[PDB]
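See below for the structure under consideration.
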Amino acid sequence: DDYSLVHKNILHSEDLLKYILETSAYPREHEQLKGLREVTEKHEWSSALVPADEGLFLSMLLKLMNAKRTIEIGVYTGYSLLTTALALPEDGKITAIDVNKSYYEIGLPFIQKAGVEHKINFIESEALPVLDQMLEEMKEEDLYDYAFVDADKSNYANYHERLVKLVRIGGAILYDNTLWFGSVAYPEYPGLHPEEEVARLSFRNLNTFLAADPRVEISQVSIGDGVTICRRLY
Amino acid sequence: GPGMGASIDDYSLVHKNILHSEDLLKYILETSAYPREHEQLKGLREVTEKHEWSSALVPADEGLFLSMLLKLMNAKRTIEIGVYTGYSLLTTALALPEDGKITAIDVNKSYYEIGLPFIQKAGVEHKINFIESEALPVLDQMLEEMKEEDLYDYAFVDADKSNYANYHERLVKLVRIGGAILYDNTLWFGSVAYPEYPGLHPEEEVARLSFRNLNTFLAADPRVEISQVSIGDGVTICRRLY
Ligand SMILES: Nc1ncnc2c1ncn2[C@@H]1O[C@H](CSCC[C@H](N)C(=O)O)[C@@H](O)[C@H]1O
Ligand SMILES: Nc1ncnc2c1ncn2[C@@H]1O[C@H](CSCC[C@H](N)C(=O)O)[C@@H](O)[C@H]1O
Ligand SMILES: [Mg+2]
Ligand SMILES: [Mg+2]
């Protein structure tokens, strides 16, 4: 974590974010999500964690659209994955993909105690080959309702070209961190780790592309670090 | 407020935003909102920006989020409480299918008639039943006449800010199980973040205290699941559980 941006907020004060979390998020957070978050807070990459207010937003979307089959790309310790698994019905199904299974094992005991591991097919791999392989075998009747994209930041455009064919018409594709700590707002942004700058430029290009992509409708939402919701049109 | 009482000259929060910079908000609007905004929404927004109550207008990024929720949940029958010039109402009517139906309520029809030419030009006024009235008597009459068959899929609440809690007690019975109730402005320019806050007009302070109480109440209400979203001035989404 030699990164520069980890502690930057997109909201105007730490006090405002704290108010949201303490008033509206933590009281509604499943005990196993609380447990998973607290153990993840001890980890070196805790800054990658999907925050608790964003989690409840993901859950609300899944329930409002009556999602049943989803894909979760970029799992880390499993906060967004457990959010999804708790939101789905008892017979819901999730394909979860991450290059690093050791991160998943940090949160897996909490997923198991929540009683939802049976919904999850965890695949340890880089996401792009898995999505390529899904496209070759995907039957139209098995298209996903919802995809959450939170893996290699520099690769979101490549994920998008597969996902617009893997989610159903009317299904949702959510891209996490599309404001990149607010640093996308300017053509140049000093002081970044070179990997952070790669990600920043990738998101500026992605945001412009998705706003013109005729295959989806979009809504960029200033929650967490920015989330762009895409809905497949055809 | 826009509906009744104090003028805009007294208000203290109008120039605040919940995001960390105006540059970030401008980036969101110019990159992701304006390119996806219907030309009649653009026209309605631009005429409304010149009105004395422009601070109450639902912004363009929030509008596209409302549209996205409506479409993802396949909403068909909705209620819009607090219309003003009609930005969120036109957003809803464009999002709904051709046979969608909206019950729109506002105490001031003259505000609505500012936006009506754009709604007409957009070709979706046929979906809208506009009712000029305070909202509570209308909702109470709906409670007496409603059958389970005709419950609303979605309600957008953006009327008298001091009175959302009373709206909520009706809407949890008027929206179907699994349907959505959205409360607008629940972060009130960030001023909800402290028990005490300096220098607001009495009406702004009454609204601030109302939102602090509402946010605590909704988080404790077993009838709904919630998500408070830091878009616009804060939107709290509620989903009816029973
Ligand atoms: N090419 C790749 N394919 C799949 N996963 C990748 C990847 N590159 C990085 N990742 C994974 O992407 C994750 C980003 S952090 C994901 C956070 C998680 N969604 C949450 O709810 O908190 C890390 O776990 C990392 O191991
Ligand atoms: N008691 C009441 N019943 C119904 N409408 C009310 C009301 N008190 C105030 N209002 C109306 O609530 C509106 C708040 S501003 C609404 C903004 C609008 N939703 C948008 O998309 O921009 C004003 O038009 C005001 O006239
Ligand atoms: Mg992320
Ligand atoms: Mg409002």
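Labeling convention for the structure tokens: chains A, B, ... as they appear, residues from 1 per chain, ligands from 1 in order of appearance.
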DSSP strand (DSSP E or B) residues within region 41-119 of chain B, listed as a ChimeraX atom specification:
/B:77-81,101-106
Distance filter 6 Å, only C-alpha atoms, chain B against chain A, as a ChimeraX atom specification:
/B:18-20,24,27,32,64-65,72-73,193,219,227,230-231
Resulting file, chosen residues, C-alpha atoms, as a PDB file, in the first residue's frame:
```pdb
ATOM      1  CA  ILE B  18     -22.227  17.268   0.188  1.00  0.00           C
ATOM      2  CA  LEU B  19     -19.348  16.392  -2.151  1.00  0.00           C
ATOM      3  CA  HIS B  20     -15.792  17.485  -1.458  1.00  0.00           C
ATOM      4  CA  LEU B  24     -16.017  16.701  -8.745  1.00  0.00           C
ATOM      5  CA  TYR B  27     -17.184  16.256 -13.622  1.00  0.00           C
ATOM      6  CA  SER B  32     -22.109  11.121 -17.036  1.00  0.00           C
ATOM      7  CA  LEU B  64     -30.612   9.498 -13.804  1.00  0.00           C
ATOM      8  CA  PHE B  65     -30.347   7.446 -10.606  1.00  0.00           C
ATOM      9  CA  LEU B  72     -34.486  -1.996 -12.729  1.00  0.00           C
ATOM     10  CA  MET B  73     -37.545  -2.603 -10.538  1.00  0.00           C
ATOM     11  CA  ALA B 193     -24.214  15.637  10.775  1.00  0.00           C
ATOM     12  CA  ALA B 219     -32.941   3.106  10.480  1.00  0.00           C
ATOM     13  CA  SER B 227     -30.233   2.513   1.982  1.00  0.00           C
ATOM     14  CA  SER B 230     -24.957  10.226  -0.769  1.00  0.00           C
ATOM     15  CA  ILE B 231     -26.240  11.418  -4.169  1.00  0.00           C
TER      16      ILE B 231
END
```
Out of region 167-218 of chain A, which residues get alpha helix (DSSP H) from DSSP, as a list in words?
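DSSP-assigned alpha helix (DSSP H) residues in region 167-218 of chain A: residues 194, 195, 196, 197, 198, 199, 200, 201, 202, 203, 204, 205, 206, 207, 208, 209, 210, 211 and 212 of chain A.
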Residue neighbourhood residue 201 (chain B), 9 Å, only C-alpha atoms, exclusion window fewer than 6 positions, as a ChimeraX atom specification:
/B:6,10-12
So that I have them on file, write out the residues from the current selection with C-alpha atoms, as a PDB file, in the first residue's frame.
```
ATOM      1  CA  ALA B   6     -40.335  32.067   4.304  1.00  0.00           C
ATOM      2  CA  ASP B  10     -33.440  34.063   4.492  1.00  0.00           C
ATOM      3  CA  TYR B  11     -32.009  30.623   3.677  1.00  0.00           C
ATOM      4  CA  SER B  12     -28.407  29.750   4.550  1.00  0.00           C
TER       5      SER B  12
END
```
Contacts with ligand 4 at most 12 Å, only C-alpha atoms and all ligand atoms counted, listed as a ChimeraX atom specification
/B:1-2,53-59,62-63,80-89,156-161,164,182-189,207,231-236
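Among B:196, B:106, B:98, B:150, the residue with the shortest atom-to-atom distance to ligand 2, counting only C-alpha atoms and all ligand atoms, is B:106.
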Could you give me, as a list in words, the residues within 9 Å of region 39-43 of chain B, counting only C-alpha atoms and dropping anything in the same chain fewer than 3 positions from it?
residues 34, 46, 47, 48, 60, 87, 90, 91, 115, 117, 118, 119, 121 and 122 of chain B
Print the selection's residues with N, CA, C and O atoms to a file, as an mmCIF file, in the first residue's frame.
```
data_model
loop_
_atom_site.group_PDB
_atom_site.id
_atom_site.type_symbol
_atom_site.label_atom_id
_atom_site.label_comp_id
_atom_site.auth_asym_id
_atom_site.auth_seq_id
_atom_site.Cartn_x
_atom_site.Cartn_y
_atom_site.Cartn_z
ATOM 1 N N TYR B 34 -25.323 14.988 -18.068
ATOM 2 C CA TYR B 34 -25.792 15.767 -19.213
ATOM 3 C C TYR B 34 -25.818 14.982 -20.524
ATOM 4 O O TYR B 34 -26.798 15.133 -21.275
ATOM 5 N N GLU B 46 -33.044 24.115 -17.419
ATOM 6 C CA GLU B 46 -32.490 25.433 -17.721
ATOM 7 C C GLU B 46 -33.486 26.552 -17.427
ATOM 8 O O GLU B 46 -33.097 27.613 -16.921
ATOM 9 N N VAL B 47 -34.773 26.347 -17.719
ATOM 10 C CA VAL B 47 -35.746 27.362 -17.322
ATOM 11 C C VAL B 47 -35.874 27.410 -15.800
ATOM 12 O O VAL B 47 -36.050 28.486 -15.216
ATOM 13 N N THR B 48 -35.733 26.265 -15.126
ATOM 14 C CA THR B 48 -35.886 26.242 -13.676
ATOM 15 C C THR B 48 -34.688 26.867 -12.972
ATOM 16 O O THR B 48 -34.839 27.439 -11.886
ATOM 17 N N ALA B 60 -29.253 16.673 -11.985
ATOM 18 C CA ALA B 60 -29.321 15.779 -13.139
ATOM 19 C C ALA B 60 -28.738 14.403 -12.836
ATOM 20 O O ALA B 60 -29.208 13.401 -13.388
ATOM 21 N N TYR B 87 -39.040 18.288 -12.655
ATOM 22 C CA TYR B 87 -37.860 17.565 -13.139
ATOM 23 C C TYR B 87 -37.914 16.084 -12.762
ATOM 24 O O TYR B 87 -37.716 15.205 -13.612
ATOM 25 N N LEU B 90 -40.887 14.471 -14.704
ATOM 26 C CA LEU B 90 -40.604 14.164 -16.100
ATOM 27 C C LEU B 90 -39.635 12.995 -16.204
ATOM 28 O O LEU B 90 -39.783 12.135 -17.086
ATOM 29 N N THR B 91 -38.654 12.936 -15.292
ATOM 30 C CA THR B 91 -37.752 11.792 -15.222
ATOM 31 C C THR B 91 -38.541 10.502 -15.063
ATOM 32 O O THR B 91 -38.320 9.524 -15.793
ATOM 33 N N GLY B 115 -43.027 23.607 -16.019
ATOM 34 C CA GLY B 115 -42.458 22.443 -16.681
ATOM 35 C C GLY B 115 -43.373 21.734 -17.662
ATOM 36 O O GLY B 115 -42.897 20.964 -18.503
ATOM 37 N N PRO B 117 -44.956 22.443 -20.485
ATOM 38 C CA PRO B 117 -44.646 22.434 -21.928
ATOM 39 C C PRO B 117 -43.543 21.461 -22.310
ATOM 40 O O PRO B 117 -43.567 20.898 -23.414
ATOM 41 N N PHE B 118 -42.552 21.274 -21.439
ATOM 42 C CA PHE B 118 -41.491 20.313 -21.724
ATOM 43 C C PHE B 118 -41.999 18.888 -21.573
ATOM 44 O O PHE B 118 -41.646 18.009 -22.369
ATOM 45 N N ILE B 119 -42.836 18.646 -20.565
ATOM 46 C CA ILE B 119 -43.449 17.333 -20.410
ATOM 47 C C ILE B 119 -44.332 17.013 -21.612
ATOM 48 O O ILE B 119 -44.318 15.888 -22.131
ATOM 49 N N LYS B 121 -44.023 18.323 -24.698
ATOM 50 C CA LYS B 121 -43.164 18.105 -25.863
ATOM 51 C C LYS B 121 -42.490 16.744 -25.812
ATOM 52 O O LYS B 121 -42.277 16.113 -26.856
ATOM 53 N N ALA B 122 -42.155 16.269 -24.609
ATOM 54 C CA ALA B 122 -41.605 14.929 -24.449
ATOM 55 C C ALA B 122 -42.633 13.844 -24.739
ATOM 56 O O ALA B 122 -42.258 12.674 -24.896
#
```
Could you please extract the residues within 6 Å of ligand 1, counting only C-alpha atoms and all ligand atoms, and hand them back as a list in words?
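Using only C-alpha atoms and all ligand atoms, everything at most 6 Å from ligand 1 comes to residues 48, 49, 50, 74, 75, 76, 78, 79, 80, 97, 98, 99, 100, 125, 126, 127, 150, 151 and 152 of chain A.
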Residue selection dump (N, CA and C atoms) as a PDB file, in the first residue's frame:
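Result written to out31.pdb:
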```pdb
ATOM      1  N   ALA A  48      -9.186  -1.218   0.326  1.00  0.00           N
ATOM      2  CA  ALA A  48      -9.918  -1.714  -0.836  1.00  0.00           C
ATOM      3  C   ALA A  48     -11.341  -2.143  -0.506  1.00  0.00           C
ATOM      4  N   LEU A  49     -11.695  -2.173   0.770  1.00  0.00           N
ATOM      5  CA  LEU A  49     -12.972  -2.704   1.222  1.00  0.00           C
ATOM      6  C   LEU A  49     -14.138  -1.849   0.717  1.00  0.00           C
ATOM      7  N   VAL A  50     -15.176  -2.502   0.213  1.00  0.00           N
ATOM      8  CA  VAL A  50     -16.435  -1.799  -0.084  1.00  0.00           C
ATOM      9  C   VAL A  50     -17.047  -1.315   1.230  1.00  0.00           C
ATOM     10  N   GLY A  74     -13.813  -9.680  -8.307  1.00  0.00           N
ATOM     11  CA  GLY A  74     -13.045  -8.911  -7.340  1.00  0.00           C
ATOM     12  C   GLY A  74     -13.656  -9.014  -5.950  1.00  0.00           C
ATOM     13  N   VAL A  75     -13.288 -10.074  -5.233  1.00  0.00           N
ATOM     14  CA  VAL A  75     -13.947 -10.478  -3.989  1.00  0.00           C
ATOM     15  C   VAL A  75     -13.217  -9.947  -2.760  1.00  0.00           C
ATOM     16  N   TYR A  76     -11.878  -9.965  -2.784  1.00  0.00           N
ATOM     17  CA  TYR A  76     -11.023  -9.607  -1.637  1.00  0.00           C
ATOM     18  C   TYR A  76     -11.479 -10.467  -0.455  1.00  0.00           C
ATOM     19  N   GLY A  78     -14.465 -10.538   0.908  1.00  0.00           N
ATOM     20  CA  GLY A  78     -15.820 -10.985   0.687  1.00  0.00           C
ATOM     21  C   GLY A  78     -16.952 -10.078   1.175  1.00  0.00           C
ATOM     22  N   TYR A  79     -16.703  -8.784   1.409  1.00  0.00           N
ATOM     23  CA  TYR A  79     -17.768  -7.942   1.949  1.00  0.00           C
ATOM     24  C   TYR A  79     -18.905  -7.765   0.946  1.00  0.00           C
ATOM     25  N   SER A  80     -18.589  -7.363  -0.297  1.00  0.00           N
ATOM     26  CA  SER A  80     -19.659  -7.229  -1.287  1.00  0.00           C
ATOM     27  C   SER A  80     -20.270  -8.582  -1.634  1.00  0.00           C
ATOM     28  N   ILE A  97     -15.308 -14.453  -8.493  1.00  0.00           N
ATOM     29  CA  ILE A  97     -14.006 -14.620  -9.141  1.00  0.00           C
ATOM     30  C   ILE A  97     -12.989 -13.693  -8.488  1.00  0.00           C
ATOM     31  N   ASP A  98     -11.834 -14.242  -8.117  1.00  0.00           N
ATOM     32  CA  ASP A  98     -10.728 -13.431  -7.629  1.00  0.00           C
ATOM     33  C   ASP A  98      -9.428 -14.162  -7.905  1.00  0.00           C
ATOM     34  N   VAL A  99      -8.387 -13.394  -8.229  1.00  0.00           N
ATOM     35  CA  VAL A  99      -7.085 -13.997  -8.468  1.00  0.00           C
ATOM     36  C   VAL A  99      -6.455 -14.528  -7.180  1.00  0.00           C
ATOM     37  N   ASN A 100      -6.932 -14.104  -6.002  1.00  0.00           N
ATOM     38  CA  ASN A 100      -6.274 -14.409  -4.726  1.00  0.00           C
ATOM     39  C   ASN A 100      -7.257 -15.046  -3.742  1.00  0.00           C
ATOM     40  N   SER A 125      -8.951 -17.209 -10.095  1.00  0.00           N
ATOM     41  CA  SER A 125      -8.387 -16.935 -11.419  1.00  0.00           C
ATOM     42  C   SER A 125      -8.390 -15.430 -11.678  1.00  0.00           C
ATOM     43  N   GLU A 126      -7.526 -14.996 -12.599  1.00  0.00           N
ATOM     44  CA  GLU A 126      -7.768 -13.721 -13.263  1.00  0.00           C
ATOM     45  C   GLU A 126      -9.152 -13.762 -13.903  1.00  0.00           C
ATOM     46  N   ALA A 127      -9.870 -12.630 -13.857  1.00  0.00           N
ATOM     47  CA  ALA A 127     -11.272 -12.645 -14.256  1.00  0.00           C
ATOM     48  C   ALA A 127     -11.443 -12.795 -15.766  1.00  0.00           C
ATOM     49  N   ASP A 150     -15.186  -5.195  -9.605  1.00  0.00           N
ATOM     50  CA  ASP A 150     -14.338  -4.558  -8.605  1.00  0.00           C
ATOM     51  C   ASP A 150     -12.958  -5.213  -8.577  1.00  0.00           C
ATOM     52  N   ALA A 151     -12.440  -5.603  -9.739  1.00  0.00           N
ATOM     53  CA  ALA A 151     -11.191  -6.352  -9.832  1.00  0.00           C
ATOM     54  C   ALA A 151     -10.073  -5.415 -10.308  1.00  0.00           C
ATOM     55  N   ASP A 152      -9.277  -5.778 -11.317  1.00  0.00           N
ATOM     56  CA  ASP A 152      -8.150  -4.981 -11.797  1.00  0.00           C
ATOM     57  C   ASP A 152      -8.666  -3.660 -12.361  1.00  0.00           C
TER      58      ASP A 152
END
```
Would you kindly return, as a list in words, each protein, DNA or RNA residue with an atom no farther than 10 Å from any atom of residue 142 (chain A), considering only C-alpha atoms and excluding same-chain residues fewer than 4 positions away?
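Final neighbour list, sorted by chain and number: residues 69, 137, 138, 166, 167 and 168 of chain A.
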Selected residue, from B:171, B:197, B:124, B:241, that lies nearest to residue 143 (chain B) when counting only C-alpha atoms
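Closest to residue 143 (chain B) of all the choices is B:171.
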Using only C-alpha atoms, find the one residue out of A:95, A:32, A:47, A:202 that sits nearest to residue 120 (chain A).
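That would be A:95, the residue with the smallest distance to residue 120 (chain A).
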So, with only C-alpha atoms and all ligand atoms as the atoms that count, which of B:7, B:129, B:163, B:78 lies closest to ligand 2?
B:163
